[PDB]
Amino acid sequence: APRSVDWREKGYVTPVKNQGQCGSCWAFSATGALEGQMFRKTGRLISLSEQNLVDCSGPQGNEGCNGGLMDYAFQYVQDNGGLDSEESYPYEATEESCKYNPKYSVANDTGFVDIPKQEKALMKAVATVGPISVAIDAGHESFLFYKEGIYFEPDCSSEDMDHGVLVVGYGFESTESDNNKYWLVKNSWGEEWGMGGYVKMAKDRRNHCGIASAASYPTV
Ligand SMILES: *[C@H](CS(=O)(=O)c1ccccc1)[C@H](CCc1ccccc1)NC(=O)[C@H](Cc1ccccc1)NC(=O)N1CCN(C)CC1
Ligand SMILES: C[As](C)(=O)[O-]
Ligand SMILES: C[As](C)(=O)[O-]
Ligand SMILES: [Zn+2]
Ligand SMILES: [Zn+2]
Ligand SMILES: [Zn+2]
Ligand SMILES: [Zn+2]
Ligand SMILES: [Zn+2]
Ligand SMILES: [Zn+2]
Ligand SMILES: [Zn+2]
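Residues numbered from 1 in each chain as written, not as in the entry; some residues may be left out. Chains lettered and ligands numbered in written order. Heavy atoms only, no water. Residues with missing side-chain atoms left out of burial classes, pairs and counts.

Chemist: Explain the overall build of the protein chain to me, please; I cannot follow it from the model alone.
Modeler: For the protein chain, the count of helices and strands is five helices and ten strands. Taking 17 Å as the expected radius of gyration for a compact globule of 220 residues, we find that the protein chain reaches 16 Å, a close match to that expectation. Considered along the principal axes of its C-alpha atoms, the protein chain spans approximately 55 × 35 × 30 Å. For the protein chain, restricting intrachain contacts to residue pairs at least 6 apart in sequence, the fraction spanning at least 24 positions comes to 72%. (Helix = DSSP H or I, 4+ residues; strand = E, 2+ residues; numbered from the N terminus. Rg over C-alpha atoms; globule rule 2.2 N^0.38 Å. Contact = heavy atoms within 4.5 Å.)

See the structure below:
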């Protein structure tokens, strides 16, 4: 596998969005992976509607602004037979009754695949599939005030995660006596958080913050 991957430079990744005051991270993670897979399929990078997912994927098990699962979001897109564009169905950071319009559907998926809970398996997936939906333990003050560098949190859990994000690549910063490897992770907290909306999560450091424990991607 490549020692460095960054799917943003390959056109797979849309700009950083902002979930606002709503626990819809799962929606932004799922649209991220679907935007990447649709781009691979059609050569078109189109922004997908998280609001469509928040309002409409309740039957699949999601809870709107109270949380959800990326896999349930992929199931909605399969069950629904489509997903509206971000332009047609813009994000409002609130829960509202479903407004899906089949006329504005710009994406489909045929299911999803769950990656084994090993960082090696996640790496090969990022290297060959594209951006990957993952969940991490982001429930700490250091994550909230992260600005730059490789994030490492000693109290992070490898099993208990609360935040759905998107891995768009990986790399390494090399010092004299250490290759400090990282996951390139796209947050949904606006572009003023972290590195323009991005965080470098510690990689190959015992599944730090659970990043390999709930990884999946949609199939198109
Ligand atoms: C998004 C993350 S967040 O809002 O940025 C956040 C919040 C707190 C701490 C860290 C990060 C949401 C937040 C859900 C939430 C709502 C209201 C109050 C507190 C939290 N997180 C989720 O949607 C997660 C995603 C996820 C996917 C896979 C594995 C682990 C987590 N899921 C989630 O919270 N739930 C709710 C309970 N339900 C049974 C499952 C989905
Ligand atoms: C502080 As916690 C329950 O997100 O590990
Ligand atoms: C937002 As929580 C207490 O499920 O980490
Ligand atoms: Zn560039
Ligand atoms: Zn959006
Ligand atoms: Zn409204
Ligand atoms: Zn899964
Ligand atoms: Zn938490
Ligand atoms: Zn924790
Ligand atoms: Zn928990």
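Right, picking up where we left off after that structure.
Chemist: Got a minute to help me understand the site of ligand 1 in this structure?
Modeler: If you check the shell around ligand 1, you find 17 residues, and the closest are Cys25, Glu63, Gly67, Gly68 and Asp162. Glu63 has a polar side-chain atom sitting 3.0 Å from a nitrogen atom of ligand 1. Contact between ligand 1 and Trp189: an oxygen atom at 3.2 Å from a side-chain N or O atom of the residue. Burial of ligand 1 by the protein amounts to 62% of the accessible area it has alone, namely 830 Å². Residues belonging to the shell around ligand 1 are distributed by class as follows: nine nonpolar, six polar and two charged. (Near = heavy atom within 4 Å. Polar contact = N/O pair within 3.5 Å; in protein donor to acceptor, adjacent residues only side chain to side chain. Areas by Shrake-Rupley, 256 points an atom, 1.4 Å probe, with all protein chains shown as cover. Nonpolar A, V, L, I, M, F, W, Y, C, P; charged D, E, K, R; others polar.)

Chemist: Help me understand the coordination of the zinc ion (ligand 7), please; the structure alone is not making it clear to me.
Modeler: Angles at a metal have ideal values that depend on geometry: 109.5 degrees with four tetrahedral donors, 90 or 180 degrees with six octahedral donors. Those donors, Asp71 (OD), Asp114 (OD) and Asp114 (OD), are the protein atoms that reach the zinc ion (ligand 7), and they lie 1.9 to 2.6 Å from it. Placement of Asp71 in helix α3 (residues 70–80) and of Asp114 in strand β4 (residues 112–114) is noted, with a sequence separation of 43 residues between them. Judged by its relative accessible area of 47%, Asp114 falls in the partly exposed class. (Donors = N, O, S within 2.8 Å, 3.2 Å for Na, K, Ca; no water. Buried < 20%, exposed > 50% of the residue type's maximum accessible area, 1.4 Å probe, protein only.)

Chemist: Would you mind showing me how to read the nonpolar core here?
Modeler: As a rule of thumb, soluble globular proteins bury nonpolar side chains together. Ranked by size, the top nonpolar core spans 58 residues in total, and within it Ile132, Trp183 and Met201 carry the most contacts. Secondary structure elements with two or more residues in this core: α1 (25–42), α2 (50–56), α3, α4 (119–128), β5 (132–136), β7 (163–174), β8 (179–186) and β9 (198–202). In terms of residue count, α1 provides more of this core than any other element does, seven residues in total. (Core = buried A, V, L, I, M, F, W, Y, C linked by side-chain atoms within 4.5 Å.)

Chemist: What is the right way to read the pattern of salt bridges from this model?
Modeler: Per the counting criterion, the structure on display carries eight salt bridges. Ionic pairing is found between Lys17 and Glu50, a salt bridge with its closest N-O pair at 2.7 Å. One end of the pair, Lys17, is in the loop between β1 (5–6) and α1; the other, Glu50, is in helix α2, and 33 residues separate them in sequence. Judged by relative accessible area, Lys17 falls into the buried class, the value being 16%. Residue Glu50 is classed as buried on the basis of its relative accessible area, which comes to 0%. Two residues, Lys181 and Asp204, come together in a salt bridge whose shortest N-O distance is 2.9 Å. Of this pair, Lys181 sits in strand β8 while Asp204 is found in the loop between β9 and β10 (216–218), placing the two residues 23 residues apart along the sequence. According to the relative accessible area criterion, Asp204 is partly exposed, its value standing at 36%. (Salt bridge = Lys/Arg side-chain N within 4 Å of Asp/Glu carboxyl O.)

Chemist: Just checking my understanding: could you explain the UniProt feature "binding site: Zn(2+) 2" in the protein chain for this structure?
Modeler: According to UniProt, the "binding site: Zn(2+) 2" feature falls on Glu50 and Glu86. A maximum C-alpha distance of 7.3 Å is found for the annotated residues, which run over 37 residues; spatially they form one tight group. Here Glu50 is in contact with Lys17, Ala27, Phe28, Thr31, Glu35, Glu86 and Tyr91, once residues within four sequence places are set aside. Within the secondary structure layout, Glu86 lies in the loop between β2 (83–84) and β3 (105–107). A residue is classified by how much of its surface remains accessible, and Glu86, at 14% relative accessible area, is buried. (UniProt positions renumbered as here; feature names shortened; annotations may be inferred.)

Chemist: I'm lost on the coordination of the zinc ion (ligand 5) in this one. Help?
Modeler: For the zinc ion (ligand 5), the protein coordination sphere consists of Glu50 (OE), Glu86 (OE) and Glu86 (OE), at 1.9 to 2.6 Å. You can see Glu50 sitting in helix α2 and its partner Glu86 sitting in the loop between β2 and β3, a full 36 residues away along the chain. Each member of the pair, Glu50 as well as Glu86, is classed as buried.

Chemist: Would you mind showing me how to read unusual backbone geometry here?
Modeler: Of all residues except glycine, most have a negative phi; of all peptide bonds, most are trans. A positive phi is found at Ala93, a non-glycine position, where the angle reads about 60 degrees. The residue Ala93 is located in the loop between β2 and β3 in this model. The backbone of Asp204 sits at a positive phi, close to 55 degrees, despite the residue not being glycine.

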